[PDB]
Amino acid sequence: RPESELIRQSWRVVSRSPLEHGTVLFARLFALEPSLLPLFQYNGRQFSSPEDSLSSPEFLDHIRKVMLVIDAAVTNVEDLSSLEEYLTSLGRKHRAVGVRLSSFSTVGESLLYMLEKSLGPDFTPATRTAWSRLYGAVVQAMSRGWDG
């Protein structure tokens, strides 16, 4: 699958500095959808501003978790069946924490933003399409967690 190799090659670049890259993703996310900020409630407190989130080790750990789940998806690009059940429960978990399935569209745009910014000219039309398909497949599996 040529799509899979474009994903593998672009991810190599990102995966070298995952927290730095995931930081861009989350900064962009809160800039687009500020109402996601209160959902991260560590030690029973909510973050007042997006910059507060960046000072939180728990929040930064969650960036690492996100980048790890993406890494699993890239590893399993040719077949996400090994990941379907895990991703369904991951959706269920995010439903429980208060995330609306609708917000995963903004997450997608934030992912594509991070990739465009990191890769520059190497973020070709084909690369963008490949990532949009992989992300779509991930969200499809996660969406099963929202009761159906």
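Note that residue numbering begins at 1 and tracks the sequence as displayed.
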{"item": "Per the entry, higher mean C-alpha B factor between 36 to 44 and 102 to 110", "value": "36 to 44"}
{"item": "Residue stretch of maximal mean CA temperature factor, 135 to 143 vs 120 to 128", "value": "120 to 128"}
{"item": "Among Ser82, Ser49, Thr88, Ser56 - the residue whose C-alpha B-factor is largest in the record", "value": "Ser82"}
{"item": "Chain-relative CA temperature factor third for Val97", "value": "highest"}
{"item": "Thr23 - Cα temperature factor, lowest/middle/highest third of chain", "value": "lowest"}
